[PDB]
Every structure is written in structure tokens, then in C-alpha cells.
>>> print(open('upload-v5.tsv').read())   # TSV, C-alpha atoms
chain	number	residue	atom	x	y	z
A	1	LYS	CA	-9.47	19.78	4.60
A	2	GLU	CA	-11.65	16.69	5.07
A	3	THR	CA	-12.46	15.26	1.65
A	4	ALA	CA	-14.08	12.12	0.25
A	5	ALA	CA	-10.55	10.89	-0.45
A	6	UNK	CA	-9.40	11.50	3.16
A	7	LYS	CA	-12.62	9.99	4.44
A	8	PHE	CA	-11.79	6.78	2.57
A	9	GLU	CA	-8.34	6.63	4.14
A	10	UNK	CA	-9.81	7.21	7.64
A	11	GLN	CA	-12.33	4.43	7.17
A	12	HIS	CA	-10.42	1.76	5.25
A	13	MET	CA	-6.64	2.27	5.29
A	14	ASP	CA	-4.53	0.32	7.79
A	15	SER	CA	-0.98	-0.24	6.54
B	1	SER	CA	-6.70	-11.07	16.99
B	2	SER	CA	-10.48	-11.47	17.15
B	3	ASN	CA	-10.43	-8.13	18.99
B	4	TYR	CA	-9.28	-6.20	15.91
B	5	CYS	CA	-12.66	-5.12	14.55
B	6	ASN	CA	-14.10	-4.34	17.99
B	7	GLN	CA	-11.22	-1.94	18.63
B	8	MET	CA	-10.77	-0.55	15.11
B	9	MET	CA	-14.45	0.14	14.39
B	10	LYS	CA	-14.51	2.11	17.65
B	11	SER	CA	-11.25	4.03	17.24
B	12	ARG	CA	-12.12	4.87	13.62
B	13	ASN	CA	-15.36	6.38	14.97
B	14	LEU	CA	-17.50	3.96	12.97
B	15	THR	CA	-19.57	3.23	16.07
B	16	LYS	CA	-20.12	6.85	17.08
B	17	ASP	CA	-23.74	7.52	16.10
B	18	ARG	CA	-24.55	4.05	14.79
B	19	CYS	CA	-23.24	0.52	14.48
B	20	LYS	CA	-21.79	0.54	10.97
B	21	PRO	CA	-22.87	-2.93	9.76
B	22	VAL	CA	-19.85	-3.81	7.61
B	23	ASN	CA	-16.42	-2.26	7.04
B	24	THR	CA	-13.29	-3.49	5.28
B	25	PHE	CA	-9.75	-2.52	6.28
B	26	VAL	CA	-6.96	-2.71	3.69
B	27	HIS	CA	-3.48	-3.65	4.91
B	28	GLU	CA	-1.59	-2.57	1.80
B	29	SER	CA	0.29	0.66	1.12
B	30	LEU	CA	-1.75	3.75	0.25
B	31	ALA	CA	0.01	3.90	-3.12
B	32	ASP	CA	-1.06	0.35	-4.02
B	33	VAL	CA	-4.66	1.06	-3.02
B	34	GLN	CA	-4.76	4.36	-4.92
B	35	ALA	CA	-3.32	2.54	-7.93
B	36	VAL	CA	-6.47	0.41	-8.20
B	37	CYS	CA	-8.18	3.43	-9.78
B	38	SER	CA	-6.01	2.79	-12.85
B	39	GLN	CA	-6.93	-0.88	-13.03
B	40	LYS	CA	-9.88	-3.09	-14.05
B	41	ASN	CA	-12.91	-0.85	-14.55
B	42	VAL	CA	-15.99	-2.72	-13.31
B	43	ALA	CA	-19.58	-1.93	-12.39
B	44	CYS	CA	-20.25	-0.83	-8.81
B	45	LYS	CA	-22.70	-2.84	-6.72
B	46	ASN	CA	-25.21	0.01	-7.08
B	47	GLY	CA	-24.79	0.06	-10.86
B	48	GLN	CA	-22.59	3.14	-11.16
B	49	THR	CA	-19.67	2.74	-13.55
B	50	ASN	CA	-16.73	4.40	-11.79
B	51	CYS	CA	-15.63	1.31	-9.84
B	52	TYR	CA	-12.29	-0.44	-10.28
B	53	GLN	CA	-11.19	-3.95	-9.33
B	54	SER	CA	-7.59	-4.64	-8.32
B	55	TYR	CA	-5.72	-6.91	-10.75
B	56	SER	CA	-3.91	-8.63	-7.89
B	57	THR	CA	-4.99	-9.93	-4.48
B	58	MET	CA	-4.75	-7.64	-1.43
B	59	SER	CA	-4.54	-8.33	2.31
B	60	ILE	CA	-7.75	-7.13	3.97
B	61	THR	CA	-9.81	-7.49	7.14
B	62	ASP	CA	-13.60	-7.79	7.09
B	63	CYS	CA	-15.50	-6.37	10.06
B	64	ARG	CA	-19.05	-7.65	10.49
B	65	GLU	CA	-21.71	-6.97	13.13
B	66	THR	CA	-22.41	-9.92	15.42
B	67	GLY	CA	-25.98	-11.01	16.13
B	68	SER	CA	-25.84	-9.48	19.60
B	69	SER	CA	-24.59	-6.13	18.31
B	70	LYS	CA	-26.86	-3.21	19.23
B	71	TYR	CA	-26.09	0.50	19.59
B	72	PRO	CA	-24.57	1.80	21.75
B	73	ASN	CA	-23.07	-1.64	22.48
B	74	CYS	CA	-21.58	-2.53	19.09
B	75	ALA	CA	-19.85	-5.88	18.49
B	76	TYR	CA	-18.01	-7.18	15.43
B	77	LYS	CA	-16.61	-10.35	13.88
B	78	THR	CA	-13.07	-10.19	12.49
B	79	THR	CA	-12.34	-12.02	9.23
B	80	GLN	CA	-8.93	-11.90	7.55
B	81	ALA	CA	-8.81	-12.53	3.82
B	82	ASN	CA	-6.74	-12.07	0.68
B	83	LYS	CA	-9.03	-10.86	-2.11
B	84	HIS	CA	-9.23	-8.45	-5.02
B	85	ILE	CA	-10.67	-5.15	-3.81
B	86	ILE	CA	-13.22	-3.04	-5.68
B	87	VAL	CA	-13.36	0.71	-5.05
B	88	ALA	CA	-15.23	3.69	-6.49
B	89	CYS	CA	-12.88	6.43	-7.67
B	90	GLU	CA	-13.42	10.12	-8.47
B	91	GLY	CA	-11.73	13.52	-8.55
B	92	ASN	CA	-8.36	14.94	-9.57
B	93	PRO	CA	-6.20	13.15	-8.60
B	94	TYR	CA	-8.28	10.05	-9.33
B	95	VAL	CA	-8.43	8.26	-5.96
B	96	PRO	CA	-10.81	5.91	-4.08
B	97	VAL	CA	-13.73	7.57	-2.26
B	98	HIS	CA	-15.78	4.45	-1.53
B	99	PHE	CA	-15.04	0.80	-0.80
B	100	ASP	CA	-17.45	-1.18	-2.97
B	101	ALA	CA	-16.64	-4.86	-2.43
B	102	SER	CA	-14.08	-7.66	-2.56
B	103	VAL	CA	-13.86	-10.66	-4.90
>>> encode(input="upload-v5.tsv", output="C-alpha cells")
Amino acid sequence: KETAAXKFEXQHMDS
Amino acid sequence: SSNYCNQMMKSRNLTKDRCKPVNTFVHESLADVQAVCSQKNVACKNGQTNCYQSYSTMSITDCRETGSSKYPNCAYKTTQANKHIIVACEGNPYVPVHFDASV
């Protein structure tokens, strides 16, 4: 289920 | 705190096999970040044309390797800023897949 989209969230998202 | 990047780069496994030189963390909602893909279409740093700049300023944190940083002992500098973010988007739904830069 790991995608480029999820990868972005893992690396850059921090709400 | 100044500890933010040192802890985050580690926990996010961005220091696992290498010391990832630079990484930006966005402190906005996922929806607001995803929405950038429907905003100002600009050229990516590498020249590719699927990058998009946010119309408004976003709260971010810049993590940068210190001069003494060397794998496996990584070390980072924390810099808080409020800039427009630029991301590369692709796919359906059209969402960010790369963080290009900030302006």
C-alpha cells in the first residue's frame, strides 16, 4: 500500500 | 526547539541508510497541502513541468545537515519559516509526490 503519495506524507507532513 | 530536526529526521527514518542532506516538514493540514496541486503551476527545480506553488504562505520547518554531520552520526539544523511551498504532483487523485522547494 506504500505509494509515492504516502511516501510524501511520511517524509514531509507534520500537522 | 532546536532538537526538532534531530529527532524528526531520525524518527521519520531519513537517517537510516544515509544522512538525508535537506528535508522540509509542513505544519499545515493534509488537505491544504494536497490543494497546492490545483494552484500555481510552476517549473520544478529539475526542469520538469508538473510542479505547483502554493498561492498563500505555509508554516514549515527546514532541516539541514550541520557541518559535523556524518553517517551514522547525523546532525541537523532546525529553521522555522513561513513560505510558499512548491511540490511536484502526479496520479489520480492528483497529489504531491515530491517536495521541490519553498519561496
>>> residues_around(input="upload-v5.tsv", residues="segment 3-12 of chain A", least_positions_apart="3", cutoff="10 Å", atoms="all atoms listed in the file", output="ChimeraX atom specification")
/A:15 /B:8-9,12-14,23-27,30,33-34,60-61,87,89-91,93-99
>>> closest_residue(input="upload-v5.tsv", among="B:79, B:68, B:50, B:73", to="residue 17 of chain B", atoms="only C-alpha atoms")
B:73
>>> atom_distance(input="upload-v5.tsv", atom1="atom CA of residue 101 of chain B", atom2="atom CA of residue 84 of chain B")
8.6 Å
>>> atom_distance(input="upload-v5.tsv", atom1="atom CA of residue 39 of chain B", atom2="atom CA of residue 62 of chain B")
22.3 Å
>>> atom_distance(input="upload-v5.tsv", atom1="atom CA of residue 51 of chain B", atom2="atom CA of residue 100 of chain B")
7.5 Å
>>> axis_aligned_box(input="upload-v5.tsv", around="chain A", padding_each_side="3 Å", output="AutoDock Vina command-line options")
--center_x -7.5 --center_y 9.8 --center_z 3.7 --size_x 19.1 --size_y 26.0 --size_z 14.2
